[PDB]
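Have a look at the structure below, then the notes.
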Amino acid sequence: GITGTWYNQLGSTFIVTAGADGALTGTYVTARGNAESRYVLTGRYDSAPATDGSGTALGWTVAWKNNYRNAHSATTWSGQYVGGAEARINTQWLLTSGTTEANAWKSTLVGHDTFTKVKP
Amino acid sequence: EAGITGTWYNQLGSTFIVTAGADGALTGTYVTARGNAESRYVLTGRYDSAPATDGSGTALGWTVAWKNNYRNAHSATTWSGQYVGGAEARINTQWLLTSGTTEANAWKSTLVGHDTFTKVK
Amino acid sequence: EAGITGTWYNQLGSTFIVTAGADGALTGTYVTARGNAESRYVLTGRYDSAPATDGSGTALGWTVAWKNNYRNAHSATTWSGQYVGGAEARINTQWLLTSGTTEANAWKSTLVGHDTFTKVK
Amino acid sequence: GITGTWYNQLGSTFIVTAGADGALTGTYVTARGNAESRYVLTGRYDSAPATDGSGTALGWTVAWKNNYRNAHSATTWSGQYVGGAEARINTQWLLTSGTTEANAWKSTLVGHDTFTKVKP
Ligand SMILES: C[C@@H]1NC(=O)N[C@@H]1CCCCCC(=O)O
Ligand SMILES: C[C@@H]1NC(=O)N[C@@H]1CCCCCC(=O)O
Ligand SMILES: C[C@@H]1NC(=O)N[C@@H]1CCCCCC(=O)O
Ligand SMILES: C[C@@H]1NC(=O)N[C@@H]1CCCCCC(=O)O
């Protein structure tokens, strides 16, 4: 299922536990950006997905502050888990940096990350 | 913290009750005015618990999976934004709403938008 | 058409002069108030030239590459939105700004935002 | 270069001409959605990209109306062209449908398309 260790196309590591009632909890390590070591993540997922072959909707957040660095930014990933032989989490994400009100127009990056359980 | 903690409404008439923990945790409950949903949903998120003191906003994000004891939309929204404090406190966000889809329909699985939250006294 | 055609400003103070052609073409010129840019830039786009008469907006989009005779930011913005006609005409958009990057930096190549355009008499 | 026939991961066909001064002009055929046959596209690209190995920024629009169908919607793709042995156009896109003002909150889909010159 969702619980396990995942890796995206950047080489980032996503270690997540899926709770019975819809909680996502875990640890993120990014291969890129103003960051080092582990960061706390929390999110939610659909704990009773539809039985028609549809993916499982989910989302999580990392605020990019830990004991080593603070980038003054946070990323949310929104996506779906697709099970089967080669499980995937396909996401699109938003990274917002803290900015002045005048710089808010350029505060948010958008991207997409695909996660698999295969180590780089 | 006490700044983020409280009751917020957005331009749709949705309501967001949140507690900002000392460790960077956001926890609480969301009621949407719109969509395939009713009653309260669990929210969880993170925020920068040591922001820049330079008049920059405080980065944060949270997610809601649209399943509670009453309804399941098979979808989830993440909001990514910043808290701007002061007398007229705001949380300015962009969001992604992803629905569970079949592989054939995954290309149209995700909506994008923007919500502005005003804190309620 | 004559509805879309004209001069528009957004909440940044940017200006958008456009002509909507009978064939669905949008053509004109954009001045941004912000970013790595100055003077006028070429815009080109498309719009639904036979929209629903049901009080739905008119879907459209346009792009600007931020290169003119004066400056090159090595970037381009696309706006995707709808025109809402009437006495207080608006074009409501979401946009993506992509900068040319090296492969190592492609993950942070794209900004997202939202602009509201008001038509000027 | 950019001029040529491209295909994305959905099987859509993108036939584009890149003009000397930054114009993109061409024809789009989609493998998915409320659409059939060719649609007109126009866009722009950076006609003097940086000489440091960076991709070429670009964007284009299709309004999903032709002689066969009208979906009352338009898509913009924003991205960069990456040249070399296996050229790519990597994009993220926004699809806005015409809606009432009250339904505007759910009017815009976001996604990502990767284009190559390889026929399906
Ligand atoms: C979202 C992207 N995917 C990923 O695995 N890491 C990127 C995010 C890194 C951000 C680091 C904090 C910063 O530079 O602001
Ligand atoms: C993100 C939008 N802002 C908001 O307050 N609610 C909208 C989301 C509602 C979605 C309800 C479940 C569904 O329809 O999929
Ligand atoms: C899309 C935003 N809205 C707007 O009027 N201009 C902004 C874009 C300006 C970008 C200028 C070139 C650059 O900085 O890359
Ligand atoms: C952007 C997606 N990529 C693609 O090649 N086609 C999709 C768009 C199809 C939209 C068809 C019109 C509609 O259904 O509204």
Side-chain angles (χ1 to χ4, degrees), chain A residues 7-14 28-36 39 57 62-65 69-77 91 93-98 105-106 109-113 115, chain B residues 9-16 30-38 41 59 64-67 71-79 93 95-100 111-115 117, chain C residues 9-16 30-38 41 64-67 71-79 93 95-99 107-108 111-115 117, chain D residues 57 105-106:
Chain A
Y7 305 88
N8 70 13
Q9 73 291 344
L10 261 35
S12 301
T13 308
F14 169 46
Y28 203 95
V29 178
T30 182
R32 295 277 173 195
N34 183 17
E36 80 185 281
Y39 295 86
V62 172
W64 295 108
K65 167 183 157 55
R69 291 201 201 185
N70 191 351
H72 301 307
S73 64
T75 302
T76 63
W77 290 256
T91 69
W93 54 257
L94 295 169
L95 183 168
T96 304
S97 303
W105 76 269
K106 60 175 165 182
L109 289 167
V110 63
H112 54 277
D113 284 350
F115 292 86
Chain B
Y9 80 93
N10 75 12
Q11 77 292 337
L12 299 181
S14 300
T15 54
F16 165 59
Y30 200 100
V31 176
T32 177
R34 300 304 291 279
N36 180 16
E38 77 189 58
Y41 295 79
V64 170
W66 300 105
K67 182 184 184 303
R71 212 140 151 183
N72 197 349
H74 306 301
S75 64
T77 298
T78 65
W79 288 258
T93 69
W95 56 256
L96 301 168
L97 171 52
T98 305
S99 297
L111 291 164
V112 59
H114 53 91
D115 289 347
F117 293 90
Chain C
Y9 80 93
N10 75 12
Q11 77 292 337
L12 299 181
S14 300
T15 54
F16 165 59
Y30 200 100
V31 176
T32 177
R34 300 304 291 279
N36 180 16
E38 77 189 58
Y41 295 79
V64 170
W66 300 105
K67 182 184 184 303
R71 212 140 151 183
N72 197 349
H74 306 301
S75 64
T77 298
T78 65
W79 288 258
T93 69
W95 56 256
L96 301 168
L97 171 52
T98 305
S99 297
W107 74 271
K108 57 173 175 176
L111 291 164
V112 59
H114 53 91
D115 289 347
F117 293 90
Chain D
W105 76 269
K106 60 175 165 182

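Counting convention: from 1, in listed order, for ligands and their atoms alike. Just so we're on the same page: letters track the sequence lines, and every chain starts at 1. Values reported hereafter were calculated over all heavy atoms of this structure, with side chains retained and with hydrogens, waters and symmetry mates removed.
In this comparison of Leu97(C), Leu96(C), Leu111(C), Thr32(C), the heavy atom closest to atom 6 (N) of ligand 3 sits on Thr32(C). Here the shortest heavy-atom distance to atom 10 (C) of ligand 2, taken over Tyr9(B), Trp66(B), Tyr30(B), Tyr41(B), belongs to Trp66(B).
In this structure a side-chain-to-backbone donor-acceptor pair under 3.5 Å is missing from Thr30(A) to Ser12(A). Proximity of a side-chain donor or acceptor of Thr93(C) to a complementary backbone N or O of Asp115(C) within less than 3.5 Å is detected.
Checking only distances, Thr75(A) never comes within under 3.5 Å of ligand 1, N or O to N or O. Distances between N or O atoms of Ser14(B) and those of ligand 2 include at least one value under 3.5 Å. Where the criterion is an N or O separation shorter than 3.5 Å, residue side chain and backbone included, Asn10(B) meets it with respect to ligand 2.
Among protein heavy atoms, atom 14 (O) of ligand 1 sits closest to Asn34(A) N, 2.9 Å. The closest protein non-hydrogen atom to atom 15 (O) of ligand 3 is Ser75(C) OG, 2.8 Å. For atom 3 (N) of ligand 2, the nearest non-hydrogen atom of the protein is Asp115(B) OD2, 2.9 Å. Among protein heavy atoms, atom 9 (C) of ligand 1 sits closest to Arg32(A) O, 3.4 Å. The nearest protein atom to atom 7 (C) of ligand 2, hydrogens excluded, is given as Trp105(D) CZ3, 3.7 Å; this is a heavy-atom distance.
Contact annotation: the side chain of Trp95(C) never approaches that of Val64(C) to less than 4.5 Å [non-hydrogen atoms, C-beta and beyond].
How far CZ of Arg32(A) is from CG of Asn8(A): 11.5 Å, rounded to the nearest 0.5 Å.
Ligand 2 is approached by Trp79(B) to a heavy-atom distance shorter than 4.0 Å.
When only modelled atom types and interatomic distance are considered, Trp66(C) and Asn36(C) share no side-chain donor-acceptor pair under 3.5 Å.
When all heavy atoms of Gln9(A) and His112(A) are compared, the pair lying nearest together is NE2-O, 3.3 Å. Heavy atoms only, all atoms of each residue included: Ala33(B) and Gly13(B) are closest at CB-C, 3.7 Å.
Atoms of ligand 1 lying under 4.0 Å from at least one heavy atom of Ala71(A), given by number and element, are 12 (C), 13 (C), 15 (O).
The aromatic rings of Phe117(B) and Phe16(B) sit tilted relative to each other, their planes meeting at an angle between 30° and 60°.
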